[PDB]
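Let me begin by presenting the structure, written as C-alpha cells, before commenting on it.
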Amino acid sequence: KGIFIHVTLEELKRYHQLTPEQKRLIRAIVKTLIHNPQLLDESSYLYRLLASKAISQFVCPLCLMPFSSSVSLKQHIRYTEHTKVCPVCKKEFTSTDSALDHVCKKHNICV
Amino acid sequence: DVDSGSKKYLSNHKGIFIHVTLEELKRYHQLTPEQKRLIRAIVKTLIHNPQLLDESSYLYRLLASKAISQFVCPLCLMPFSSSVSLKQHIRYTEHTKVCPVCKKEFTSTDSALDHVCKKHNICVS
Ligand SMILES: [Zn+2]
Ligand SMILES: [Zn+2]
Ligand SMILES: [Zn+2]
Ligand SMILES: [Zn+2]
Numbered sequence: 018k019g020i021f022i023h024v025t026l027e028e029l030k031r032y033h034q035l036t037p038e039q040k041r042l043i044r045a046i047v048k049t050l051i052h053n054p055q056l057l058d059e060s061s062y063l064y065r066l067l068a069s070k071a072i073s074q075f076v077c078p079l080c081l082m083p084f085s086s087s088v089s090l091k092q093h094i095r096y097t098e099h100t101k102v103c104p105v106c107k108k109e110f111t112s113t114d115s116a117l118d119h120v121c122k123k124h125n126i127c128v
Numbered sequence: 005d006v007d008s009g010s011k012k013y014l015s016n017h018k019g020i021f022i023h024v025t026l027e028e029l030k031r032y033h034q035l036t037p038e039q040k041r042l043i044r045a046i047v048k049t050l051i052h053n054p055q056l057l058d059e060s061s062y063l064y065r066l067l068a069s070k071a072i073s074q075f076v077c078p079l080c081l082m083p084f085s086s087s088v089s090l091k092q093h094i095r096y097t098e099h100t101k102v103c104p105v106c107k108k109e110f111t112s113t114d115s116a117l118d119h120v121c122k123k124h125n126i127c128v129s
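As they're listed, the protein sequences go chains B and A. FYI, the numbering for the first sequence is 18 to 128, going by the deposited numbering. FYI, the numbering for the second sequence is 5 to 129, going by the deposited numbering.
Structure representation (C-alpha cells):
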C-alpha cells in the first residue's frame with residue numbers, strides 16, 4: 018500500500034530507468050517532505066534553483082529562470098521582474114529590489 | 005489477490021507508486037492540494053535532473069541548519085550565533101577545499117567559497 022504521484026507517462030518510464038539507488042533516494046525525499054511539510058516551500062525552491070543553475074550560471078533569485086548572460090539577467094531584473102514576494106519565505110515587500118535584497122541576505126541567494 | 009510480476013506499473017496513468025506506511029499514507033492525504041502539487045513538482049525536477057539526488061543530502065542539511073540559524077557556512081553547513089562569529093569561522097577556521105555539493109577541488113577554501121556561490125548560488129558575506 019502507498020501513494021501515486023501523478024507524473025506524466027514519459028516521466029514515469031524515465032523514472033523506472035533510474036537506478037534503484039536513485040529511486041529510493043527519490044521516495045526517501047518525498048517521505049521527508051510528508052513528515053516535514055513545512056520543508057516543501059523551500060526545497061521546491063532550491064531544487065528549482067539548482068535545476069536552473071545547471072542550464073546557466075545566470076539565474077534570477079525571484080523567478081528562478083536561467084539567462085544567457087549576466088547582461089540579460091541584469092536587463093530582466095531591471096525591467097521584467099516584478100515579484101513582490103520572496104519565493105522561499107513568502108514575506109511581502111513594497112519593492113522587488115527589497116525582495117532581491119532579502120533573498121540574498123536572509124536566504125543566501127545572490128546575483 | 006496479488007500479482008507481483010505485473011508490468012502495468014510501468015504504464016499506469018496515476019503515475020509513480022511510492023510504497024508507504026499507514027502513518028504517512030494518511031498524513032499524505034492530509035496535505036493540502038497545494039502541498040501535494042509541490043511534492044509532484046520536486047519529484048518531476050528530480051526525474052529530469054537526477055544529479056540533484058546526489059546533492060540532496062547537502063540541501064536538507066542546509067535547510068536544517070538554516071532553521072537553527074540565519075548564519076550558516078556553505079562549506080560545512082554549521083550554524084553560528086551571529087554574522088560576526090560566522091566570518092570569524094570562515095576567515096580562521098574553515099579549511100575545506102572540496103565543494104560540499106559538486107565535489108570539485110581547489111587551491112584555497114576561498115576559491116571553494118566563490119565556487120559554491122558562483123555555480124551553486126549559495127553565498128555569504
Ligand atoms: Zn526573475
Ligand atoms: Zn524569504
Ligand atoms: Zn564551514
Ligand atoms: Zn561545487
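Just so you know, even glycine gets a beta-carbon here, dropped at the ideal spot from N, CA and C.
| query | result |
| --- | --- |
| With residue 42 of chain A and residue 50 of chain A assumed to form a contact (beta carbons below 8 Å), what rounded beta-carbon distance in angstroms separates them? | Actually they do not touch by this definition, with Cβ atoms about 13 Å apart. |
| For residue 49 of chain B, return the contacting residues in chain A, with the cut-off set at a CB-CB distance below 8 Å. | 64 |
| If you draw a straight line from the C-alpha of residue 19 of chain B to the C-alpha of residue 24 of chain A, how long is it? | 4 Å |
| Can you give the Cα-Cα distance for residue 92 of chain B and residue 30 of chain A, rounded to whole angstroms? | 47 Å |
| In the DSSP output, which residue or residues are listed as bridge partners for residue 88 of chain A? | BP columns for residue 88 of chain A are empty, so no partner. |
| Alpha carbon to alpha carbon, how far is residue 128 of chain B from residue 32 of chain B? | 33 Å |
| Taking 7 Å as the cut-off, is the CB of residue 80 of chain B close to at least one heavy atom of ligand 1? | yes |
| With the cut-off set at 8 Å, would you say residue 139 of chain A and residue 46 of chain B are in Cβ contact? | Residue coverage of chain A in this structure runs from 5 to 129, which leaves residue 139 of chain A outside it and unanswerable. |
| Along the alpha helix (DSSP H) that carries residue 43 of chain A, what are the first and last residues, could you check? | 37-52 |
| For residue 77 of chain A and residue 71 of chain B, what's the separation of their Cα atoms in angstroms? | 22 Å |
| Run the proximity test for residue 33 of chain B: is its beta-carbon closer than 7 Å to any non-hydrogen atom belonging to ligand 1? | no |
| Flag residue 130 of chain B as yes when its Cβ comes closer than 7 Å to any non-hydrogen atom of ligand 1, and as no otherwise. | Residue coverage of chain B in this structure runs from 18 to 128, which leaves residue 130 of chain B outside it and unanswerable. |
| Spell out the partners DSSP gives residue 76 of chain B in its beta bridges. | B/83 |
| Tell me whether residue 59 of chain A sits in a helix, a strand or coil according to DSSP, three-state version. | coil |
| Using a beta-carbon distance below 8 Å, is residue 107 of chain B in contact with chain A? | no |
| What does a CB cutoff of less than 7 Å around residue 87 of chain B pick up in its chain, not counting 5 residues either side in sequence? | 75 |
| Here's the rule: buried if 16 or more other CB atoms are within 10 angstroms of the residue's CB, otherwise exposed. What is residue 99 of chain A? | exposed |
| Cα separation between residue 120 of chain A and residue 65 of chain A? | 15 Å |
| With a threshold of 8 Å between beta-carbons, can residue 22 of chain B be considered close to chain A, or not? | yes |
| Just how far apart, CA to CA, sit residue 111 of chain A and residue 95 of chain A? | 15 Å |
| What residue range is occupied by the uninterrupted beta strand (DSSP E) comprising residue 99 of chain A? | First-last for residue 99 of chain A: undefined, no H or E at that position. |
| Mind checking whether the beta-carbon of residue 23 of chain B lies closer than 7 Å to any heavy atom of ligand 2? | no |
| According to the Cβ coordinates, are residue 124 of chain A and residue 102 of chain A closer than 8 Å? | no |
| Given the structure, does residue 127 of chain A come close to ligand 3, in the sense that its CB is under 7 Å from one of the ligand's heavy atoms? | no |
| Any C-beta of chain B within less than 9 Å: which residues of the region 115-129 of chain A qualify? | 121, 122, 123, 124, 125, 126, 127, 128, 129 |
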